[PDB]
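J.: Can you read through this structure? Questions will come right after.
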Amino acid sequence: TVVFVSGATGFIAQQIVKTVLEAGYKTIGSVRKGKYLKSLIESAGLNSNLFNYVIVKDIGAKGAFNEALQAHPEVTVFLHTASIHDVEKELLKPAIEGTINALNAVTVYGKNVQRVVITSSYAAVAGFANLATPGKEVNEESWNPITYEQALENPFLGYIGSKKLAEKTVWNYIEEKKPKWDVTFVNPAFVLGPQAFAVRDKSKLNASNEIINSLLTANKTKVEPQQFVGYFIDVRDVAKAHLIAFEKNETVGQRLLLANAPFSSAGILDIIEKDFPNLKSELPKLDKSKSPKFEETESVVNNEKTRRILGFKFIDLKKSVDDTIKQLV
Ligand SMILES: NC(=O)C1=CN([C@@H]2O[C@H](COP(=O)(O)OP(=O)(O)OC[C@H]3O[C@@H](n4cnc5c(N)ncnc54)[C@H](OP(=O)(O)O)[C@@H]3O)[C@@H](O)[C@H]2O)C=CC1
């Protein structure tokens with residue numbers, strides 16, 4: 001098998017590129033640095049003859065992957081991973097077009113592709129903010145009731161909208177165009193965990209791991225840490241689920257809800273104080289009033305279907321946080 005991965009230099013994608021190579025599959029990643037990632041795998045001890053790369057400056061531009069799928073027609077898996085606070089220019093339309101630019105380039109040029117795995121999100125599963133359904137039931141088939149108009153009112157709700165709607169463009173495409181490849185959706189919740197190989201900037205991680213990292217850099221930046229609630233998932237569990245999304249035949253047309261257990265910025269902090277006492281002078285005191293309560297925004301995730309299909313045991317929060325902190329010293 002030959003697995004293509006868009007935006008390979010990303011947080012989840014680097015873990016995706018890693019666990020695939022550990023399964024012996026070939027890999028071909030996209031890059032905006034190609035030697036930054038190839039020097040990373042070989043030095044990591046991985047079996048390093050299963051990876052090359054392509055250069056793609058932008059995903060939201062038309063035909064972004066055509067010359068990538070016209071230089072290598074051998075690919076048979078497409079892992080579309082590349083897709084918070086922005087600048088408030090435009091976040092919705094490039095997110096839906098960036099996906100469409102790939103569904104138009106995988107169909108028009110990549111015909112050796114059989115399975116496509118679109119990395120979506122839990123934001124396309126349950127509602128946020130004014131559409132919060134606290135205490136209510138959500139599962140693989142549930143959908144965020146947010147609309148395009150109700151989105152991009154916030155860099156937060158806009159990201160929530162841009163992720164719920166970009167998955168819709170795949171659902172509309174597979175029926176409007178009726179392609180020859182099969183689709184699978186991996187819907188990761190709040191992804192935590194350590195980098196695939198090596199951290200590059202210890203002061204700022206990805207937007208998701210800053211949930212952990214802000215607790216460390218708070219006393220340096222003198223920034224009161226923004227607290228969060230919701231469901232977490234370890235980046236290694238998401239990486240393993242992306243393989244099952246194309247290696248297994250029962251994941252076809254399934255929205256793999258990649259959520260473990262609830263979490264909280266306060267709950268994550270307690271793990272760091274116990275397992276890393278040398279940091280007790282670097283960890284802050286969280287305000288009990290600034291803390292969002294769980295039973296108020298988040299629904300009840302019913303991913304019983306996904307856990308049964310994945311079949312493996314996920315990484316607990318303690319191991320996820322411990323492995324995360326171990327990298328940043
Ligand atoms: N907690 C989480 O991590 C969550 C993850 N997800 C989804 O999973 C995916 C992985 O995100 P994650 O790894 O955590 O975050 P990162 O920011 O680390 O990943 C971003 C990736 O997308 C690429 N990219 C972004 N914008 C562009 C662009 N305009 N043109 C080309 N490439 C671009 C980046 O390439 P480069 O870095 O080289 O610029 C990078 O590889 C995302 O699509 C995210 O929405 C879903 C829900 C939550």
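Going by the structure tokens order, chains are called A, B, ..., each with residues numbered from 1, while ligands are numbered from 1 in the order shown.
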Just the residues within 10 Å of residue 104 of chain A, please, counting only C-alpha atoms, with nothing from its chain fewer than 4 positions along; format it as a list in words.
T.: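 Returned residues: residues 62, 63, 64, 65, 66, 97, 98, 99, 100, 108, 109, 110, 173, 177 and 179 of chain A.
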J.: Go through chain A residue by residue and, counting only C-alpha atoms and all ligand atoms, keep those with an atom at most 6 Å from ligand 1; for each kept residue give the shortest atom pair and its distance in Å to one decimal, ordered by chain and increasing number, as JSON lines.
T.:
```
{"residue": "A:7", "atom": "CA", "partner": "ligand 1", "partner_atom_place_in_ligand_line": "41 (O)", "distance": 3.7}
{"residue": "A:8", "atom": "CA", "partner": "ligand 1", "partner_atom_place_in_ligand_line": "41 (O)", "distance": 5.1}
{"residue": "A:9", "atom": "CA", "partner": "ligand 1", "partner_atom_place_in_ligand_line": "41 (O)", "distance": 4.0}
{"residue": "A:10", "atom": "CA", "partner": "ligand 1", "partner_atom_place_in_ligand_line": "41 (O)", "distance": 3.1}
{"residue": "A:11", "atom": "CA", "partner": "ligand 1", "partner_atom_place_in_ligand_line": "13 (O)", "distance": 3.1}
{"residue": "A:12", "atom": "CA", "partner": "ligand 1", "partner_atom_place_in_ligand_line": "13 (O)", "distance": 3.9}
{"residue": "A:13", "atom": "CA", "partner": "ligand 1", "partner_atom_place_in_ligand_line": "13 (O)", "distance": 5.8}
{"residue": "A:31", "atom": "CA", "partner": "ligand 1", "partner_atom_place_in_ligand_line": "38 (O)", "distance": 5.6}
{"residue": "A:32", "atom": "CA", "partner": "ligand 1", "partner_atom_place_in_ligand_line": "38 (O)", "distance": 4.9}
{"residue": "A:57", "atom": "CA", "partner": "ligand 1", "partner_atom_place_in_ligand_line": "31 (C)", "distance": 5.7}
{"residue": "A:58", "atom": "CA", "partner": "ligand 1", "partner_atom_place_in_ligand_line": "30 (N)", "distance": 3.5}
{"residue": "A:59", "atom": "CA", "partner": "ligand 1", "partner_atom_place_in_ligand_line": "30 (N)", "distance": 4.5}
{"residue": "A:81", "atom": "CA", "partner": "ligand 1", "partner_atom_place_in_ligand_line": "43 (O)", "distance": 5.0}
{"residue": "A:82", "atom": "CA", "partner": "ligand 1", "partner_atom_place_in_ligand_line": "22 (O)", "distance": 3.7}
{"residue": "A:83", "atom": "CA", "partner": "ligand 1", "partner_atom_place_in_ligand_line": "43 (O)", "distance": 3.8}
{"residue": "A:119", "atom": "CA", "partner": "ligand 1", "partner_atom_place_in_ligand_line": "8 (O)", "distance": 5.8}
{"residue": "A:120", "atom": "CA", "partner": "ligand 1", "partner_atom_place_in_ligand_line": "46 (C)", "distance": 5.8}
{"residue": "A:121", "atom": "CA", "partner": "ligand 1", "partner_atom_place_in_ligand_line": "46 (C)", "distance": 4.0}
{"residue": "A:188", "atom": "CA", "partner": "ligand 1", "partner_atom_place_in_ligand_line": "47 (C)", "distance": 5.0}
{"residue": "A:189", "atom": "CA", "partner": "ligand 1", "partner_atom_place_in_ligand_line": "47 (C)", "distance": 5.2}
{"residue": "A:190", "atom": "CA", "partner": "ligand 1", "partner_atom_place_in_ligand_line": "1 (N)", "distance": 4.1}
{"residue": "A:191", "atom": "CA", "partner": "ligand 1", "partner_atom_place_in_ligand_line": "1 (N)", "distance": 3.6}
{"residue": "A:206", "atom": "CA", "partner": "ligand 1", "partner_atom_place_in_ligand_line": "18 (O)", "distance": 5.1}
{"residue": "A:208", "atom": "CA", "partner": "ligand 1", "partner_atom_place_in_ligand_line": "1 (N)", "distance": 4.3}
```
J.: Save the residues we just selected, N, CA and C atoms, as a PDB file, in the first residue's frame?
T.:
```
ATOM      1  N   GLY A   7      -0.223  17.862   4.296  1.00  0.00           N
ATOM      2  CA  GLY A   7       0.249  18.618   5.441  1.00  0.00           C
ATOM      3  C   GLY A   7       0.997  17.770   6.449  1.00  0.00           C
ATOM      4  N   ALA A   8       1.986  17.006   5.974  1.00  0.00           N
ATOM      5  CA  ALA A   8       2.688  16.046   6.820  1.00  0.00           C
ATOM      6  C   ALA A   8       3.398  16.696   8.002  1.00  0.00           C
ATOM      7  N   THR A   9       3.759  17.973   7.902  1.00  0.00           N
ATOM      8  CA  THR A   9       4.474  18.654   8.975  1.00  0.00           C
ATOM      9  C   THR A   9       3.569  19.059  10.135  1.00  0.00           C
ATOM     10  N   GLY A  10       2.298  18.652  10.117  1.00  0.00           N
ATOM     11  CA  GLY A  10       1.386  18.997  11.185  1.00  0.00           C
ATOM     12  C   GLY A  10       1.554  18.121  12.413  1.00  0.00           C
ATOM     13  N   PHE A  11       0.831  18.493  13.472  1.00  0.00           N
ATOM     14  CA  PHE A  11       0.906  17.759  14.731  1.00  0.00           C
ATOM     15  C   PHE A  11       0.388  16.335  14.571  1.00  0.00           C
ATOM     16  N   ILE A  12      -0.886  16.195  14.204  1.00  0.00           N
ATOM     17  CA  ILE A  12      -1.471  14.868  14.035  1.00  0.00           C
ATOM     18  C   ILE A  12      -0.832  14.148  12.854  1.00  0.00           C
ATOM     19  N   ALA A  13      -0.559  14.881  11.770  1.00  0.00           N
ATOM     20  CA  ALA A  13      -0.044  14.252  10.557  1.00  0.00           C
ATOM     21  C   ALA A  13       1.337  13.649  10.783  1.00  0.00           C
ATOM     22  N   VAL A  31       4.234  19.218   1.883  1.00  0.00           N
ATOM     23  CA  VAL A  31       4.985  20.211   2.643  1.00  0.00           C
ATOM     24  C   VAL A  31       4.690  21.586   2.057  1.00  0.00           C
ATOM     25  N   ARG A  32       4.626  22.595   2.923  1.00  0.00           N
ATOM     26  CA  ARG A  32       4.411  23.974   2.494  1.00  0.00           C
ATOM     27  C   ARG A  32       5.475  24.424   1.496  1.00  0.00           C
ATOM     28  N   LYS A  57       2.407  24.624  -1.662  1.00  0.00           N
ATOM     29  CA  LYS A  57       2.463  25.915  -0.984  1.00  0.00           C
ATOM     30  C   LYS A  57       1.162  26.226  -0.252  1.00  0.00           C
ATOM     31  N   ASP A  58       0.026  25.826  -0.816  1.00  0.00           N
ATOM     32  CA  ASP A  58      -1.267  26.192  -0.258  1.00  0.00           C
ATOM     33  C   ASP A  58      -2.288  25.134  -0.655  1.00  0.00           C
ATOM     34  N   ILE A  59      -3.242  24.885   0.241  1.00  0.00           N
ATOM     35  CA  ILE A  59      -4.251  23.849   0.040  1.00  0.00           C
ATOM     36  C   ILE A  59      -5.540  24.480  -0.473  1.00  0.00           C
ATOM     37  N   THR A  81      -5.396  15.610   6.126  1.00  0.00           N
ATOM     38  CA  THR A  81      -5.327  16.121   7.491  1.00  0.00           C
ATOM     39  C   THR A  81      -5.220  17.637   7.553  1.00  0.00           C
ATOM     40  N   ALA A  82      -4.465  18.241   6.636  1.00  0.00           N
ATOM     41  CA  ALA A  82      -4.226  19.678   6.676  1.00  0.00           C
ATOM     42  C   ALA A  82      -5.531  20.446   6.526  1.00  0.00           C
ATOM     43  N   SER A  83      -5.780  21.358   7.460  1.00  0.00           N
ATOM     44  CA  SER A  83      -6.984  22.179   7.436  1.00  0.00           C
ATOM     45  C   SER A  83      -6.803  23.433   8.285  1.00  0.00           C
ATOM     46  N   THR A 119      -9.604  13.910   7.796  1.00  0.00           N
ATOM     47  CA  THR A 119      -9.478  14.229   9.217  1.00  0.00           C
ATOM     48  C   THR A 119     -10.418  15.386   9.529  1.00  0.00           C
ATOM     49  N   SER A 120     -11.547  15.076  10.151  1.00  0.00           N
ATOM     50  CA  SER A 120     -12.559  16.070  10.495  1.00  0.00           C
ATOM     51  C   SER A 120     -12.387  16.445  11.974  1.00  0.00           C
ATOM     52  N   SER A 121     -13.444  16.499  12.782  1.00  0.00           N
ATOM     53  CA  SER A 121     -13.324  16.921  14.171  1.00  0.00           C
ATOM     54  C   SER A 121     -14.624  16.630  14.904  1.00  0.00           C
ATOM     55  N   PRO A 188     -11.489  13.683  15.523  1.00  0.00           N
ATOM     56  CA  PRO A 188     -10.801  13.785  16.813  1.00  0.00           C
ATOM     57  C   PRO A 188     -11.379  14.907  17.660  1.00  0.00           C
ATOM     58  N   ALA A 189     -11.513  14.635  18.957  1.00  0.00           N
ATOM     59  CA  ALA A 189     -11.977  15.649  19.895  1.00  0.00           C
ATOM     60  C   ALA A 189     -10.839  16.604  20.233  1.00  0.00           C
ATOM     61  N   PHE A 190     -10.591  16.823  21.521  1.00  0.00           N
ATOM     62  CA  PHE A 190      -9.491  17.678  21.964  1.00  0.00           C
ATOM     63  C   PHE A 190      -8.238  16.813  22.005  1.00  0.00           C
ATOM     64  N   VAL A 191      -7.413  16.901  20.970  1.00  0.00           N
ATOM     65  CA  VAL A 191      -6.257  16.019  20.853  1.00  0.00           C
ATOM     66  C   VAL A 191      -5.126  16.525  21.739  1.00  0.00           C
ATOM     67  N   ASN A 206       1.325  23.184  19.346  1.00  0.00           N
ATOM     68  CA  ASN A 206       0.114  23.338  18.557  1.00  0.00           C
ATOM     69  C   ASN A 206      -1.009  23.899  19.426  1.00  0.00           C
ATOM     70  N   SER A 208      -3.790  22.837  20.239  1.00  0.00           N
ATOM     71  CA  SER A 208      -4.456  21.904  21.141  1.00  0.00           C
ATOM     72  C   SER A 208      -3.616  21.623  22.380  1.00  0.00           C
TER      73      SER A 208
END
```
J.: Nearest to residue 185 of chain A: which of A:286, A:245, A:309, A:229 is it, counting only C-alpha atoms?
T.: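 The answer is A:245, which sits nearest to residue 185 of chain A.
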J.: Counting only C-alpha atoms, which of A:169, A:114, A:144, A:14 gets nearest to residue 199 of chain A?
T.: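 The answer is A:14, which sits nearest to residue 199 of chain A.
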J.: Identify, with DSSP run on backbone atoms, the residues in segment 98-240 of chain A assigned to strand (DSSP E), and express the list as a ChimeraX atom specification.
T.: /A:115-119,137-139,182-188,190-192,229-234
J.: Emit the selected residues as a tab-separated table (two decimals), in the first residue's frame, including C-alpha atoms.
T.:
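Final file, part.tsv:
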```tsv
chain	number	residue	atom	x	y	z
A	115	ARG	CA	-9.80	4.75	0.30
A	116	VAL	CA	-9.75	8.39	1.41
A	117	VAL	CA	-9.57	9.39	5.08
A	118	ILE	CA	-10.66	12.97	5.82
A	119	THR	CA	-9.48	14.23	9.22
A	137	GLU	CA	-26.69	12.52	23.62
A	138	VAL	CA	-24.35	12.67	20.63
A	139	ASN	CA	-22.92	9.80	18.60
A	182	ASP	CA	-14.33	5.22	-0.57
A	183	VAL	CA	-14.35	7.86	2.17
A	184	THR	CA	-13.77	7.67	5.91
A	185	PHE	CA	-14.00	10.43	8.52
A	186	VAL	CA	-11.84	10.56	11.64
A	187	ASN	CA	-13.38	13.00	14.11
A	188	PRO	CA	-10.80	13.78	16.81
A	190	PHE	CA	-9.49	17.68	21.96
A	191	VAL	CA	-6.26	16.02	20.85
A	192	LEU	CA	-3.44	15.89	23.41
A	229	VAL	CA	-13.58	21.56	29.24
A	230	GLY	CA	-14.57	18.79	26.87
A	231	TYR	CA	-13.37	15.39	25.70
A	232	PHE	CA	-9.74	14.61	25.02
A	233	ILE	CA	-7.92	12.05	22.90
A	234	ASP	CA	-4.25	11.13	22.62
```
J.: Please determine, counting only C-alpha atoms, which residue among A:91, A:238, A:103, A:271 has the shortest atom-to-atom distance to residue 78 of chain A.
T.: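 Using only C-alpha atoms, residue 78 of chain A sits closest to A:103.
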J.: Given the choices A:96, A:129, A:68, A:300, which gets closest to residue 55 of chain A if the distance is worked out from only C-alpha atoms?
T.: A:68
J.: Give me the segment 155-271 of chain A side of the contact with segment 130-135 of chain A, cut-off 12 Å, one line per residue showing its nearest atom pair and distance in Å at one decimal, counting only C-alpha atoms, sorted by chain and residue number, as a Markdown table.
T.:
```
| residue | atom | partner | partner_atom | distance |
| --- | --- | --- | --- | --- |
| A:157 | CA | A:130 | CA | 9.8 |
| A:160 | CA | A:131 | CA | 11.2 |
| A:161 | CA | A:131 | CA | 11.6 |
| A:230 | CA | A:134 | CA | 11.0 |
```
J.: Can those selected residues be exported to a file as a PDB file, in the first residue's frame so that it contains C-alpha atoms?
T.:
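Saved result, result.pdb, follows:
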```pdb
ATOM      1  CA  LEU A 157     -17.259  29.651  16.315  1.00  0.00           C
ATOM      2  CA  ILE A 160     -16.139  25.326  14.717  1.00  0.00           C
ATOM      3  CA  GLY A 161     -18.164  26.195  11.626  1.00  0.00           C
ATOM      4  CA  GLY A 230     -14.566  18.791  26.870  1.00  0.00           C
TER       5      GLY A 230
END
```
J.: Between A:123, A:106, A:41, A:21, which is the closest to residue 197 of chain A once you count only C-alpha atoms?
T.: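 Nearest to residue 197 of chain A: A:41.
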J.: Measuring atom to atom with only C-alpha atoms, identify which of A:92, A:113, A:84, A:40 is nearest to residue 207 of chain A.
T.: A:84
J.: What's the separation between atom CA of residue 74 of chain A and atom CA of residue 254 of chain A, in Å to one decimal place?
T.: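 Here the two named atoms are 25.2 Å from each other.
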J.: Using backbone DSSP assignments, extract all helix (DSSP H, G or I) residues from segment 14-77 of chain A; output them as a PDB file with N, CA, C and O atoms, in the first residue's frame.
T.:
```
ATOM      1  N   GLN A  14       2.187  14.325  11.560  1.00  0.00           N
ATOM      2  CA  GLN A  14       3.489  13.750  11.883  1.00  0.00           C
ATOM      3  C   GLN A  14       3.328  12.444  12.649  1.00  0.00           C
ATOM      4  O   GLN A  14       4.051  11.474  12.395  1.00  0.00           O
ATOM      5  N   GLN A  15       2.384  12.401  13.592  1.00  0.00           N
ATOM      6  CA  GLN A  15       2.065  11.141  14.252  1.00  0.00           C
ATOM      7  C   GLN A  15       1.440  10.153  13.279  1.00  0.00           C
ATOM      8  O   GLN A  15       1.597   8.937  13.443  1.00  0.00           O
ATOM      9  N   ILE A  16       0.727  10.655  12.270  1.00  0.00           N
ATOM     10  CA  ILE A  16       0.151   9.781  11.254  1.00  0.00           C
ATOM     11  C   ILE A  16       1.249   9.190  10.379  1.00  0.00           C
ATOM     12  O   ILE A  16       1.278   7.981  10.121  1.00  0.00           O
ATOM     13  N   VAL A  17       2.164  10.039   9.904  1.00  0.00           N
ATOM     14  CA  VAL A  17       3.299   9.563   9.120  1.00  0.00           C
ATOM     15  C   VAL A  17       4.110   8.547   9.912  1.00  0.00           C
ATOM     16  O   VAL A  17       4.622   7.574   9.348  1.00  0.00           O
ATOM     17  N   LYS A  18       4.206   8.729  11.229  1.00  0.00           N
ATOM     18  CA  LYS A  18       5.026   7.842  12.048  1.00  0.00           C
ATOM     19  C   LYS A  18       4.411   6.450  12.153  1.00  0.00           C
ATOM     20  O   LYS A  18       5.044   5.452  11.793  1.00  0.00           O
ATOM     21  N   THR A  19       3.171   6.362  12.649  1.00  0.00           N
ATOM     22  CA  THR A  19       2.575   5.055  12.916  1.00  0.00           C
ATOM     23  C   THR A  19       2.334   4.257  11.639  1.00  0.00           C
ATOM     24  O   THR A  19       2.306   3.021  11.682  1.00  0.00           O
ATOM     25  N   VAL A  20       2.155   4.931  10.502  1.00  0.00           N
ATOM     26  CA  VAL A  20       2.039   4.217   9.234  1.00  0.00           C
ATOM     27  C   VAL A  20       3.352   3.519   8.902  1.00  0.00           C
ATOM     28  O   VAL A  20       3.375   2.325   8.578  1.00  0.00           O
ATOM     29  N   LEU A  21       4.467   4.252   8.985  1.00  0.00           N
ATOM     30  CA  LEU A  21       5.774   3.653   8.730  1.00  0.00           C
ATOM     31  C   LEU A  21       6.045   2.484   9.665  1.00  0.00           C
ATOM     32  O   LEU A  21       6.714   1.521   9.274  1.00  0.00           O
ATOM     33  N   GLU A  22       5.532   2.544  10.896  1.00  0.00           N
ATOM     34  CA  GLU A  22       5.675   1.423  11.816  1.00  0.00           C
ATOM     35  C   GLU A  22       4.855   0.218  11.379  1.00  0.00           C
ATOM     36  O   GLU A  22       5.139  -0.902  11.818  1.00  0.00           O
ATOM     37  N   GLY A  34      11.010  19.686   3.813  1.00  0.00           N
ATOM     38  CA  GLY A  34      10.973  18.272   3.481  1.00  0.00           C
ATOM     39  C   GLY A  34      12.144  17.505   4.061  1.00  0.00           C
ATOM     40  O   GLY A  34      12.008  16.333   4.422  1.00  0.00           O
ATOM     41  N   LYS A  35      13.308  18.151   4.160  1.00  0.00           N
ATOM     42  CA  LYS A  35      14.443  17.542   4.839  1.00  0.00           C
ATOM     43  C   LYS A  35      14.313  17.632   6.354  1.00  0.00           C
ATOM     44  O   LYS A  35      14.864  16.784   7.065  1.00  0.00           O
ATOM     45  N   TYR A  36      13.603  18.645   6.863  1.00  0.00           N
ATOM     46  CA  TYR A  36      13.320  18.703   8.294  1.00  0.00           C
ATOM     47  C   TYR A  36      12.590  17.452   8.762  1.00  0.00           C
ATOM     48  O   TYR A  36      12.865  16.931   9.850  1.00  0.00           O
ATOM     49  N   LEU A  37      11.659  16.953   7.951  1.00  0.00           N
ATOM     50  CA  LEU A  37      10.874  15.779   8.308  1.00  0.00           C
ATOM     51  C   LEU A  37      11.573  14.476   7.950  1.00  0.00           C
ATOM     52  O   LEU A  37      11.413  13.479   8.664  1.00  0.00           O
ATOM     53  N   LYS A  38      12.354  14.457   6.867  1.00  0.00           N
ATOM     54  CA  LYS A  38      13.065  13.236   6.506  1.00  0.00           C
ATOM     55  C   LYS A  38      14.261  13.003   7.421  1.00  0.00           C
ATOM     56  O   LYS A  38      14.592  11.854   7.736  1.00  0.00           O
ATOM     57  N   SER A  39      14.933  14.077   7.847  1.00  0.00           N
ATOM     58  CA  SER A  39      15.952  13.933   8.878  1.00  0.00           C
ATOM     59  C   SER A  39      15.345  13.493  10.200  1.00  0.00           C
ATOM     60  O   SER A  39      16.045  12.911  11.036  1.00  0.00           O
ATOM     61  N   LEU A  40      14.051  13.749  10.397  1.00  0.00           N
ATOM     62  CA  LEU A  40      13.389  13.406  11.647  1.00  0.00           C
ATOM     63  C   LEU A  40      13.085  11.915  11.728  1.00  0.00           C
ATOM     64  O   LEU A  40      13.287  11.297  12.779  1.00  0.00           O
ATOM     65  N   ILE A  41      12.610  11.319  10.631  1.00  0.00           N
ATOM     66  CA  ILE A  41      12.227   9.909  10.656  1.00  0.00           C
ATOM     67  C   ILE A  41      13.461   9.018  10.728  1.00  0.00           C
ATOM     68  O   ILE A  41      13.511   8.061  11.509  1.00  0.00           O
ATOM     69  N   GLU A  42      14.473   9.314   9.907  1.00  0.00           N
ATOM     70  CA  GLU A  42      15.668   8.476   9.868  1.00  0.00           C
ATOM     71  C   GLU A  42      16.386   8.486  11.212  1.00  0.00           C
ATOM     72  O   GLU A  42      16.777   7.434  11.729  1.00  0.00           O
ATOM     73  N   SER A  43      16.558   9.672  11.799  1.00  0.00           N
ATOM     74  CA  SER A  43      17.166   9.766  13.120  1.00  0.00           C
ATOM     75  C   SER A  43      16.294   9.139  14.201  1.00  0.00           C
ATOM     76  O   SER A  43      16.820   8.719  15.237  1.00  0.00           O
ATOM     77  N   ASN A  66      -2.849  18.378  -7.781  1.00  0.00           N
ATOM     78  CA  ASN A  66      -2.843  17.760  -9.104  1.00  0.00           C
ATOM     79  C   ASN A  66      -1.435  17.334  -9.507  1.00  0.00           C
ATOM     80  O   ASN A  66      -1.184  16.156  -9.786  1.00  0.00           O
ATOM     81  N   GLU A  67      -0.496  18.283  -9.530  1.00  0.00           N
ATOM     82  CA  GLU A  67       0.886  17.951  -9.855  1.00  0.00           C
ATOM     83  C   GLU A  67       1.516  17.037  -8.813  1.00  0.00           C
ATOM     84  O   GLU A  67       2.540  16.405  -9.097  1.00  0.00           O
ATOM     85  N   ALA A  68       0.929  16.952  -7.617  1.00  0.00           N
ATOM     86  CA  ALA A  68       1.369  15.951  -6.653  1.00  0.00           C
ATOM     87  C   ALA A  68       0.859  14.568  -7.036  1.00  0.00           C
ATOM     88  O   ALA A  68       1.600  13.581  -6.956  1.00  0.00           O
ATOM     89  N   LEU A  69      -0.401  14.477  -7.460  1.00  0.00           N
ATOM     90  CA  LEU A  69      -0.977  13.228  -7.938  1.00  0.00           C
ATOM     91  C   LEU A  69      -0.710  12.985  -9.419  1.00  0.00           C
ATOM     92  O   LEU A  69      -1.173  11.975  -9.960  1.00  0.00           O
ATOM     93  N   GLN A  70       0.011  13.888 -10.085  1.00  0.00           N
ATOM     94  CA  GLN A  70       0.492  13.660 -11.439  1.00  0.00           C
ATOM     95  C   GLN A  70       1.979  13.346 -11.487  1.00  0.00           C
ATOM     96  O   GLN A  70       2.464  12.878 -12.524  1.00  0.00           O
ATOM     97  N   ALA A  71       2.712  13.597 -10.403  1.00  0.00           N
ATOM     98  CA  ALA A  71       4.092  13.148 -10.282  1.00  0.00           C
ATOM     99  C   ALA A  71       4.189  11.727  -9.745  1.00  0.00           C
ATOM    100  O   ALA A  71       5.134  11.006 -10.083  1.00  0.00           O
TER     101      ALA A  71
END
```
